[PDB]
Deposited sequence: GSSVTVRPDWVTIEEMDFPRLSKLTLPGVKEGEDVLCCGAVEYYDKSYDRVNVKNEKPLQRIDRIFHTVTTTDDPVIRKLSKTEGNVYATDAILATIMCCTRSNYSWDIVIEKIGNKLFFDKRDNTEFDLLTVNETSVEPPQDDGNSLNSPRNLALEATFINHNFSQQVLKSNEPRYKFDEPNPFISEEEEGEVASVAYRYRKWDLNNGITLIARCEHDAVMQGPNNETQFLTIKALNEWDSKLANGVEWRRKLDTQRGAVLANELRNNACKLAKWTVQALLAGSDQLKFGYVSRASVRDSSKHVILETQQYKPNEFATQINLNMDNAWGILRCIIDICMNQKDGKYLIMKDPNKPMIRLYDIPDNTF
């Protein structure tokens, strides 16, 4: 959680009920400005996985990038001639889904004239997934490390990185865009995880033109996929729905529990898929092999959802998502040039925008 400094000046406070009423209907599908990278095909044998046909989770080490907006060389180039607001899908999803968030987060905004850059701070846990964040009683750091919030987060994050690569068909020729991955040399591209980037543009009215990096994890025989893993750590301690007993006949109830307890995580995943234009959101259901060990996991189920329809199922309204973003953009455009910080208050349902000194970070 970022340390609020005494020389930070509050510009605006926004409570969740106000944010929840915001709307900007009519925003079009993103327009591709540049597409990059090479993505692997999904292995449809994983469609046969179920509780009676579980598969061990494999450890597959590939490199993942989560480059912030201003360090992205494609965004730097595009900003010379295109748009006036810049971000990435992960940063946008955090803002757009803020009214679902509980745990703290922050985003830095730099304003130069009529251009805005939204970034994450360097060396933070911004990328980590949360676990049971929106439970009535979230996990507490009361005990050893096995089920602490921090360890649960790293466990979920690790599970997701492995799952997304395991379900790929490594021998199938990849789908390659004309431009390669911008975060690695061609000579070494073999070592990066399967990913395709779409740098997309949106008209948000009032002359606001957003450019942001979006991505897909895989392709399917061409359909583009966003691949994510739900995970079960200890169902009893989580007071959850035991997956090995309930996935066969009550898969919907299991998902419903996930939605209640991981509301922000699931919405941010859905926004990521919608921003990229993925045709499907592919979920794995991954559980510990034993509740007492967080290093070994099994895949119990797989499912796919069309992102537009799934958004409606989790009560995510993109008209509201864009409305929230537009509200924040408008506030920033009215400020003096310089740096600003938006943050979610760790103990209250509100976000605050601060005027921070330019050399703060």
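Asks: When the deposited sequence is counted from residue 1, which ranges lack any model?
Replies: Residues lacking C-alpha coordinates: 1-2, 224-228.
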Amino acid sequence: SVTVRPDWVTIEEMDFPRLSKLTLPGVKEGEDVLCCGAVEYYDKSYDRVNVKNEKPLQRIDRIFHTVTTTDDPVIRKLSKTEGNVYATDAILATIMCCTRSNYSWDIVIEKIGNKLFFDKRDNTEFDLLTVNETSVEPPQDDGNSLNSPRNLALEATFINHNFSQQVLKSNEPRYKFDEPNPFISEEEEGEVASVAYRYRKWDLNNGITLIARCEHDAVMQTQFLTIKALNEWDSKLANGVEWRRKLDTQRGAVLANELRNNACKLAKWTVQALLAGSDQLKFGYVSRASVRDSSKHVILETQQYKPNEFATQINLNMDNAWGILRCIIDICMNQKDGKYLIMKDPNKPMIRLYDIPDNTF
From here on, numbers count along this sequence of modelled residues.
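Asks: Which wins on mean Cα temperature factor, 58-66 or 34-42?
Replies: Averaging CA B-factors over each stretch, the winner is 58-66.
Asks: Averaging the C-alpha B factors as listed in the entry, name the stretch that ends up higher: 329-337 or 298-306.
Replies: If you average the C-alpha B-factors of 329-337 and of 298-306, the larger mean comes out for 329-337.
Asks: Among 215, 232, 106, 137, which residue carries the highest C-alpha B-factor recorded in the PDB entry?
Replies: Comparing C-alpha B-factors across 215, 232, 106, 137, the top value belongs to 137.
Asks: Which has the highest CA B-factor per the PDB entry: 151, 249, 162, 99?
Replies: Largest recorded C-alpha B-factor: 249.
Asks: Please rank the C-alpha B-factors of the chain's modelled residues and tell me whether residue 255 sits in the lowest, middle or highest third.
Replies: It falls in the top third of the chain.
Asks: C-alpha B factor of residue 311, ranked within the chain: lowest, middle or highest third?
Replies: Lowest third - that is where residue 311 ends up once the chain's C-alpha B-factors are sorted.
Asks: Would you mind ranking residue 166 by its C-alpha B-factor against the rest of the chain and naming the third, lowest, middle or highest?
Replies: It falls in the middle third of the chain.
Asks: Could you place residue 237 in the lowest, middle or highest third of its chain by Cα temperature factor, using the values in the record?
Replies: Ranked within chain, residue 237 CA B lands in the highest tercile.
Asks: For the chain shown, is the CA B-factor of residue 277 in the lowest, middle or highest third of its modelled residues?
Replies: Lowest third.
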